[PDB]
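> the amino acid sequence is not available; the structure is as follows:
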Ligand SMILES: [Mg+2]
Ligand SMILES: [Mg+2]
């Protein structure tokens, strides 16, 4: 847990300041993530 | 020669299609299988007229080129005609014990293996399409009417 | 050479026409195989 | 004209080779259809 | 610029697709002019900060490979979502995806680490927070790895 | 003859899209600066004359058009994985994916055009031969056509 929380906190601090700020503006146009979400939802319901 | 140019060409195509061991000349025993594939029904005695190797011939040393093959195909073709389905089913009407126009599968398959030339169950089973299911009494009309298409 | 090329090109044109005719026939025969497949499948299902 | 006819004959030869390749492919695909037909037919018969 | 093997196919595809929208003239580079056009398409006249934040790192124009290593080094420090979820599940009192925020805070301040209360609170302002304080780490790992579900 | 005319729209698009990732300087050619750096970014950096010896396959320069004809002539004769699997299934009638090495040998060493003993051995020392001499052609076609691979 010590190593995991160290890593996650370190990344979380940086992705709130770095080029993620630009990336997040483009992100909603990336249709692949939407089709992936749909696929995952279908797989989840199939599993249920 | 009674065969047409088209027939000769087709026979030459078949001759080189049903190959090979390695050489372009057909084997003595396999020649008979080529004649049978060409839809003819001669007895093995027709080959025995040429009498290549009087002993057991696993070696097949009496190989044939097309010029040697074609005369054998001709003497086969001119050997005999073949009778209608009535001549076949009369045999079945004699073999039958029910008197109903059908025959027991287990009996007939055995009879057709023992009498005359020998055949395997693998050969014989492939001839029947109306298989011996819940009903033992196969209608031999289907057998003859199917195979006579060849 | 002109005569030779004329003969050769006419032969190749004839062969090409034959090949196209054969292509069409193979297509229609494949459609026949497909049709028979569907019909026989349905027949086996209905008989079962 | 000889050069033109040479180019045309080479193009027709290429097209003929393509057509023969296509014929072979259609034949093998028809054999695939036949194989599937036989396999499915046998499966339905065995299930029956 | 060694990068292709270091990150997931989905992440690389996401970066590639994003880059394709920014590389407006379509040549595999991204320039100051491309960022200017992009920012003009996104909003007002350039605040410079976003563009200078690339131009200070780069020797000049940025290759797609250089873009990939830049975003790569930025993503360095992330771990697999299932592995992180496992690590949290060691401490989740509900044993379901929903460790309590006080417990999580204590763990960030006693087990060798000494994370500041402001930074801990930021992780509830921007990263998840849920009813009764039962922080949804199952959602946290999803946004950390960018592996949508 | 002009081989380029033989190929499917999907194959041409795949080659075009691949080439677009390699043509990083956007001059349309295969060049020392681009593919060597790309391969160094994607793997172990074999930037030695081994790559020059690959670029030298084209007559002098190496344009996109020349790349396309090179890959075209190399793909000449190849067929779909499903069609090849069908052709194997003509012997493996049970569709077991389990054809024997004796059967495979009989089909190749005398029947039709002869495969050499060296080519037969290649089919064991690279291709998926397995226990008791069974041969998994379903895996073979996958690696042969580079489909789903
Ligand atoms: Mg650009
Ligand atoms: Mg280039």
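Ah, there it is. Residues are numbered from 1 along each chain as shown, chains lettered A, B, ... in the order given. Ligands and ions are numbered 1, 2, ... in the order given.

> without its sequence neighbours, what residue ends up closest to residue C:41?
Counting by Cβ to Cβ, 6 or more residues apart in numbering or on different chains, residue C:41 lies nearest to residue D:40, which is 6.4 Å off, once chain neighbours are set aside. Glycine gets a C-beta too; all of them are placed from N, C-alpha and C.

> was I right about residue B:137 contacting residue B:106?
No. Taking contacts as Cβ atoms under 8 Å, residue B:137 lies outside contact range of residue B:106: 10.5 Å.

> more crowded one of those two?
residue B:137 (15 against 11; other Cβ atoms under 10 Å in any protein chain shown).

> ok, now which ones touch the more buried one?
B:98, B:100, B:102-105 (Cβ atoms under 8 Å, 6 or more residues apart in numbering or on different chains).

> tell me the SS of residue E:4?
Of the three states, residue E:4 takes coil under DSSP: H, G, I helix; E, B strand; the rest coil.

> quick check: it vs chain F, distance?
Residue E:4 sits at a distance of 4 Å from chain F (criterion: Cβ to the nearest Cβ, to the nearest Å).

> count of residues packed around residue E:20?
Neighbour tally, residue E:20, other Cβ under 10 Å: 14.

> what's the answer for residue B:140, then?
Count around residue B:140 with other Cβ under 10 Å applied: 22.

> once you drop chain neighbours, what's closest to the residue of chain C at minimum distance from chain F?
Going by Cβ to the nearest Cβ, chain F is nearest to residue C:12 of chain C, at 12.2 Å. Ranked by Cβ to Cβ, 6+ apart and with sequence neighbours excluded, the top spatial neighbour of residue C:12 is residue D:12, at 4.4 Å.

> and that neighbour, what does it touch?
C:9, C:12-13, C:16.

> of those, grab the buried ones for PyMOL.
Selection of buried members from these for PyMOL, criterion 16 or more other Cβ atoms under 10 Å in any protein chain shown:
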select buried, chain C and resi 9+12+16
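
> just checking, which of the contacts of residue D:12 belong to helices?
C:9, C:12-13, C:16 (DSSP state H).

> pick out the most distant pair among the residues you listed.
C:9 and C:16 (10.1 Å; Cβ to Cβ).

> just give me how far the helix ranked longest in chain E sits from the chain centre.
What stands out as the longest helix in chain E, according to DSSP H, is helix E:9-22. Remark: helix E:9-22 is offset 14 Å from the chain centroid, using Cα atoms, centre = their mean, to the nearest Å.

> same deal with stretch E:20-35?
22 Å.

> which of the residues in it are buried?
E:22-23, E:27-32, E:34-35.

> can you tell me which of those residues are up against ligand 1?
Counting by Cβ under 5 Å from the ion, E:23, E:27, E:29 from the buried residues of stretch E:20-35 sit close to ligand 1.

> which one of the contacts of residue B:137 sits closest to chain A?
Of the contacts of residue B:137, the one sitting nearest to chain A (Cβ to the nearest Cβ) turns out to be residue B:105, at 48.8 Å.

> isn't the closest one up against residue B:127?
No. Here residue B:105 lies out of contact with residue B:127, judged by Cβ under 8 Å, at a distance of 11.6 Å.

> can you get me a residue count around residue 3?
Picking chain A for this. 12.

> hmm, I had chain B in mind actually
14.

> what sits against it?
Per Cβ under 8 Å, 6+ apart, neighbours of residue B:3: B:11, B:70, B:73-74, B:77.

> any idea how far the residue sitting furthest away from the middle of chain B is from residue B:105?
When distances are taken from the C-alpha mean of chain B, residue B:134 lies farthest, 30.5 Å away, according to Cα atoms, centre = their mean. From residue B:134 across to residue B:105, the span is 11 Å (Cβ to Cβ, to the nearest Å).

> cool, residue B:15 as well?
38 Å.

> out of the ones next to ligand 1 among the buried residues of stretch E:20-35, which comes closest to chain F?
Nearest member of those to chain F, counting by Cβ to the nearest Cβ, is residue E:27, at 4.2 Å.

> so that closest one sits against residue F:26, correct?
Yes. Here residue E:27 reaches residue F:26: they are 4.2 Å apart, a contact under Cβ under 8 Å.

> now do the contacts for the nearest residue to residue A:15 once chain neighbours are set aside.
Distance criterion Cβ to Cβ, 6+ apart; nearest residue to residue A:15, sequence neighbours excluded, is residue E:74 at 7.4 Å. Residues near residue E:74 by Cβ under 8 Å, 6+ apart: A:14-15, A:18-20.

> mind listing which of the residues you listed are in strands?
Among those, none falls in strands (DSSP state E).

> ok, which pair from these is furthest apart?
Pairwise across the contacts of residue E:74, and taking Cβ to Cβ, the largest span is found between A:14 and A:19, at 9.9 Å.

> ok, back up a step: any quick PyMOL command for the buried ones out of the contacts of residue B:3?
To isolate the buried ones among those in PyMOL, judged by 16+ other Cβ under 10 Å, type:
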select buried, chain B and resi 11+70+73
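
> does any bit of stretch E:22-32 sit next to chain F?
Yes. With Cβ under 8 Å from any Cβ of the partner chain as the criterion, chain F is reached by stretch E:22-32 at E:27-29.

> whether that stretch contacts ligand 2 - can you check?
No. If you take Cβ under 5 Å from the ion as the test, stretch E:22-32 misses ligand 2, and the best it gets is 8.7 Å.

> and that stretch, anywhere near chain A?
Yes. Using Cβ under 8 Å from any Cβ, stretch E:22-32 reaches chain A at residue E:22.

> who's in contact with that stretch?
Here stretch E:22-32 has contacts from A:26, E:19-20, E:34-35, E:37-38, E:51, E:55, E:61-64, E:67, F:20-21, F:23-26, using Cβ under 8 Å, 6+ apart.

> can you rerun that using 6 Å?
Residues from elsewhere that reach stretch E:22-32 (Cβ atoms under 6 Å, 6 or more residues apart in numbering or on different chains): E:34, E:37-38, E:51, E:61-62, E:64, F:24, F:26.

> now, those that are in helices?
Those of the contacts of stretch E:22-32 lying in helices (DSSP H): E:34, E:37-38, E:51, E:64.

> report the buried members of those residues.
E:34, E:38, E:51, E:64.

> and those residues, which two are the farthest apart?
E:51 and E:64 (17.7 Å).

> please enumerate the helices of chain B.
Going by DSSP H, chain B shows helices at B:5-17, B:28-37, B:45-48, B:66-77, B:85-95, B:105-114, B:121-125, B:140-147.

> give me whichever of those helices is most buried.
Ranked by mean neighbour count, the helices of chain B are led by helix B:28-37 with a mean of 17 (mean count of other Cβ atoms under 10 Å in any protein chain shown).
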